[PDB]
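Chemist: Next up is a structure, given as structure tokens.
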Amino acid sequence: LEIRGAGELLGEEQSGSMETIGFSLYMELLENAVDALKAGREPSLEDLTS
Amino acid sequence: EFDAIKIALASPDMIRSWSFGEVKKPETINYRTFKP
């Protein structure tokens with residue numbers, strides 16, 4: 001790390017610069033997802049896969 | 001307005017006095033939405 005650089009925080013491709021989304025953005029995005037989910041109480045996407 | 005210009009070594013209290021916050025993260029811009 002620091003040469004290879006961490007990949008996407010919310011994608012595949014573990015090792016590489018490749019213009020990730022920011023952690024500071026990611027925590028806000030995840031908080032928005034958490035609040036919508038719990039309020040809404042929709043099942044997971046995987047349930048819709050199941 | 002002003003008279004002279006004074007230069008000195010910047011004390012850490014003075015540096016915290018200048019600043020209007022503290023930068024914690026290294027992300028610059030969303031690159032698709034232009035909100036920082």
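For the structure tokens, the naming scheme is as follows: chains receive sequential letters (A, B, ...) according to their order of presentation, residues are indexed from 1 within each chain, and ligands are indexed from 1 in presentation order.
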I'd like the neighbourhood of segment 24-32 of chain B as a PyMOL selection string, where a residue qualifies if any of its atoms comes within 10 Å (using only C-alpha atoms), though same-chain residues fewer than 5 positions away should be ignored.

Modeler: chain A and resi 19-25

Chemist: For the structure I just gave you, how does DSSP split chain B - specifically, which residues are alpha helix (DSSP H)? Reply as a ChimeraX atom specification.

Modeler: /B:12-18

Chemist: Measuring atom to atom with only C-alpha atoms, identify which of B:9, B:14, B:36, B:20 is nearest to chain A.

Modeler: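 The answer is B:36, which sits nearest to chain A.
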
Chemist: May I ask for the distance between atom CA of residue 30 of chain A and atom CA of residue 43 of chain A, given in Å to one decimal place?

Modeler: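 Separation of atom CA of residue 30 of chain A and atom CA of residue 43 of chain A: 16.1 Å.
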
Chemist: Determine the nearest neighbour of chain B from the options A:26, A:49, A:12, A:37, counting only C-alpha atoms.

Modeler: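 Of A:26, A:49, A:12, A:37, the one nearest chain B is A:26, counting only C-alpha atoms.
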
Chemist: Grab the atom CA of residue 44 of chain A to atom CA of residue 11 of chain A distance for me, in Å with one decimal place.

Modeler: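 So the answer is 17.8 Å.
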